[PDB]
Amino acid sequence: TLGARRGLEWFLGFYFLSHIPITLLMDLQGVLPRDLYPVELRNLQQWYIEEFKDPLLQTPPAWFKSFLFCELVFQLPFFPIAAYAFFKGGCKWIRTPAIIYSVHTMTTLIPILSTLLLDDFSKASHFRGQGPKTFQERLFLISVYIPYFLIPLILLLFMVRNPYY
């Protein structure tokens, strides 16, 4: 049947494939004009921000907004190329690109996960009551961001040590 290395490649292929609709229809609504999005998709983002209490994608600060422009200009073009590579197999030319993507993404989420778990989101802060208030509400939000840090770390370890790449 399928192997261990090939199984991770299929799992990584769906990660890069599913990241395309997640970036376009969700994350980029904080940097791109609202008029590029239909009303049905603009309310879907608000369902997330209200339920998960996300203070970043709601109104992005300057540091978070710079990571979103990286996702549009650098990460988004790489997603289809990486998906095709790990679905086909034997594409060694992706080793250095996948390392660059992994290290970059992981470095974007260390300040994100640190802010969501340690920063203050009360009315006295600049977030002005928009954000997780309880420890359970912080992990409920960290749960959505943690797959985008763990999966790239898996890709970094895979690329550095795999002799077939």
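Take the two forms, find the largest set of C-alpha atoms that superpose within 1.5 Å, and that set is the rigid core. Sequential numbering from 1, following the sequence displayed.
Colleague: Between 39-47 and 125-133, report the one with more C-alpha displacement in 4 other deposited structures of this protein relative to this form after a rigid core superposition.
Modeller: Evaluated in 4 other deposited structures of this protein, the stretch farther from the shown form is 125-133.
Colleague: So which stretch wins on mean C-alpha B-factor, 87-95 or 73-81?
Modeller: Mean C-alpha B-factor is greater for 87-95.
Colleague: Which of the two stretches, 102-110 or 29-37, shows the higher mean Cα temperature factor in the record?
Modeller: Comparing averages over the C-alpha atoms only gives 29-37.
Colleague: Whose C-alpha has the highest temperature factor in the PDB entry: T115, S66, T134, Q45?
Modeller: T134 has the highest C-alpha B-factor of those listed.
Colleague: Relative to the other modelled residues in the chain, which third contains the C-alpha temperature factor of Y15: lowest, middle or highest?
Modeller: Tercile = middle for this residue's CA B-factor.
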